[PDB]
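Undergrad: let me give you the complex in parts, starting here:
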Amino acid sequence: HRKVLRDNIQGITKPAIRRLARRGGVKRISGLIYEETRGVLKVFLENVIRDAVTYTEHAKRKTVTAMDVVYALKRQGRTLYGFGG
Amino acid sequence: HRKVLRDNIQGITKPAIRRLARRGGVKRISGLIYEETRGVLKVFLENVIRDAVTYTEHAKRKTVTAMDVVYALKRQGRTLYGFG
Amino acid sequence: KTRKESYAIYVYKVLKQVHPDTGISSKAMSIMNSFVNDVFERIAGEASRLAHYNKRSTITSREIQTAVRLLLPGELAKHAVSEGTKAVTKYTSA
């Protein structure tokens, strides 16, 4: 098959952005914070996924693994333990 | 071989910090900015030449060179061309 | 002196290709020299660990293509890959 996915950027709920702000120590959240928050998360995942796909096409493999993206997070100076490497 | 030295941190003058700030695009400078600026510059140079003197010590040489500090600047993520 | 290598005559040659009647100063030439070294160890190191991940022991042009597609931002990647494939094939035709 070939599935098509549309408009998952609104799936990041307004209470979820509230909750991450609560972990960050943010008391009160203004109006248009959520639009820009989905935008910033969108940009960051676009870069990380682009570099992960580049890590995955080079092994000529159809499946992206977790070592792929821990490597891609390492190279952008955002190293993340707990998945190997 | 007994060269002694002390109190050069006031040698960075108030108009010199004014000139660097005005290269940075800064209009008005408060009063206590200068002492803190000497402190920040002191911390940065302490780290940079603490790391540079170790490169000069590993070759067992007594003279710090330009490649020394460009390499030690590179390692701190502040790479600076024009010397090597 | 001991014969230090450089890149300076090559940078001068590309200067003759782009703007053929135009000079360049000496410290700018040393800037471009250290630039070429800096990029050179960037994609060389990216080729090192990018070849280390796949349990390989060889740096071929596919690895340099991937690593350029990691460091070069976007539009700068594409024409680098077009000149790269043009130089691989243009080399290989002889």
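TA: That came in fine, so what should we check first? Numbers count the residues shown, from 1 in each chain, chains lettered A, B, ... in the order given.
Undergrad: for chain C, which residues are neighbours of chain A?
TA: With CB under 8 Å from any CB of the partner chain as the criterion, chain C meets chain A at residues C:46, C:50, C:53, C:54, C:62, C:63, C:66, C:69, C:70. (Each C-beta comes from the backbone N, C-alpha and C, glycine too.)
Undergrad: how many residues are close by the closest residue to chain A within chain C?
TA: Across chain C, no residue is closer to chain A than residue C:66, which sits at 4.4 Å (CB to the nearest CB). Applying other CB atoms under 10 Å in any protein chain shown, we find 19 other residues in the vicinity of residue C:66.
Undergrad: closest to chain B among the residues of chain C next to chain A?
TA: Set against chain B, the nearest of those by CB to the nearest CB is residue C:46 (16.2 Å).
Undergrad: just say helix, strand or coil for residue C:12.
TA: helix (DSSP: H, G, I helix; E, B strand; the rest coil).
Undergrad: please verify my assumption that it contacts residue C:24.
TA: Yes - the pair residue C:12 and residue C:24 passes the contact test of CB atoms under 8 Å, sitting 7.1 Å apart.
Undergrad: quick check: buried residues in the helix or strand where residue C:49 lies?
TA: For residue C:49, the host element (DSSP states H and E) is helix C:26-53. With burial defined by 16 or more other CB atoms under 10 Å in any protein chain shown, the residues of helix C:26-53 counted as buried are C:29, C:30, C:31, C:32, C:33, C:34, C:43, C:46, C:47, C:50, C:51.
Undergrad: go ahead and place chain D:
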Amino acid sequence: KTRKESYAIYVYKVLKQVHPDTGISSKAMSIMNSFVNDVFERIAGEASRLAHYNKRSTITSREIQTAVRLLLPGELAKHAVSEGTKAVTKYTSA
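TA: Putting chain D onto the chains we already have gives this:
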């Protein structure tokens, strides 16, 4: 299956040296594992960049002493390098 090593037995042994009647969970075990791989590649990498300046192609212990005295900040650099001299000298005196 396909064997792939770790540090988990060794991390478990140092945990038995420090607080011996106190265990460890598995996610933290794999985090410690990738931690010591991270520090291992920082120090081995700094040994590469440091050997690559002095026209030398050999990594002895002294380069690891200098590279530890560049990575680790201050106090744990002192006790780290002091334990390193304890292990070189405690090694060779045997």
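Undergrad: on that earlier part again, near chain D, anything from the helix holding residue C:49?
TA: No - contact check for helix C:26-53 against chain D, using CB under 8 Å from any CB: none in range, with a minimum separation of 8.9 Å.
Undergrad: angle of that helix against helix D:26-51?
TA: Using axes from the mean of the first three to the mean of the last three CA atoms, to 10 degrees, the interaxial angle of helix C:26-53 with respect to helix D:26-51 works out to 140 degrees.
Undergrad: any part of helix C:26-53 near chain B?
TA: Yes - contact between helix C:26-53 and chain B, assessed by CB under 8 Å from any CB, occurs at C:27, C:30, C:31, C:34, C:35, C:38.
Undergrad: geometric centre of chain A: which residue is closest?
TA: Here the mean C-alpha position of chain A is nearest to the C-alpha of residue A:45 (CA atoms, centre = their mean), at a distance of 3.6 Å.
Undergrad: against chain D, how distant is that one?
TA: According to CB to the nearest CB, to the nearest Å, residue A:45 stands 22 Å off from chain D.
Undergrad: could you do residue A:3 as well?
TA: Between residue A:3 and chain D the computed distance is 33 Å (CB to the nearest CB).
Undergrad: ok, how many other residues are close to that residue?
TA: The number of residues packed around residue A:3, counting by other CB under 10 Å, is 4.
Undergrad: here's chain E, drop it on:
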Amino acid sequence: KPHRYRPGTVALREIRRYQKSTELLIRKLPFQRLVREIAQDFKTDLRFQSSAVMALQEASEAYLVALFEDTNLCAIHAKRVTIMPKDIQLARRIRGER
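TA: One more chain to add, chain E, which I have set with the ones above:
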């Protein structure tokens, strides 16, 4: 009898809870569909390990949460206790994200 609280007791007690706990808190299927839909642009017909989606979830929480740390210090440095989108834009320029 409203049984209500100030606007900020639920906030500050909520900061004690969500700073206190650790678990993953953007829902796994909308996040997973989000990663797949962003992933379709560079190349098509993909497949993901599950723990990789966990890993991108960790990068999402780390980068967003740290961005609210610095955004919160930005707005507190304006004598404001409420963050606003220009503060987000400030901390992104200070980290060099343009």
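Undergrad: chain E added, so what about the neighbour count of residue A:3 now?
TA: The criterion is other CB under 10 Å. On that basis, residue A:3 has 7 neighbouring residues.
Undergrad: now name the helix or strand holding it.
TA: For residue A:3, there is no helix or strand it lies in under DSSP H and E.
Undergrad: nearest to chain B within chain C, name that residue for me.
TA: Among the residues of chain C, residue C:34 lies closest to chain B, at 3.9 Å counting by CB to the nearest CB.
Undergrad: ok, so what distance separates the closest residue to that residue other than its chain neighbours from chain E?
TA: Using CB to CB, 6 or more residues apart in numbering or on different chains and skipping the chain neighbours, the partner closest in space to residue C:34 is residue B:81 (3.9 Å). When distances are taken as CB to the nearest CB, residue B:81 and chain E turn out to be 19 Å apart.
Undergrad: what residues are up against residue B:81?
TA: Residue B:81 makes contacts with C:30, C:31, C:34, C:35, C:38, as judged by CB atoms under 8 Å, 6 or more residues apart in numbering or on different chains.
Undergrad: farthest-apart pair in the residues you listed, please.
TA: Of all pairs drawn from these, the one with the largest separation by CB to CB is C:30 and C:38; the distance is 12.4 Å.
Undergrad: distance of residue E:29 relative to chain C?
TA: When residue E:29 is compared with chain C (using CB to the nearest CB), they lie 30 Å apart.
Undergrad: thanks again, I'm all set now.
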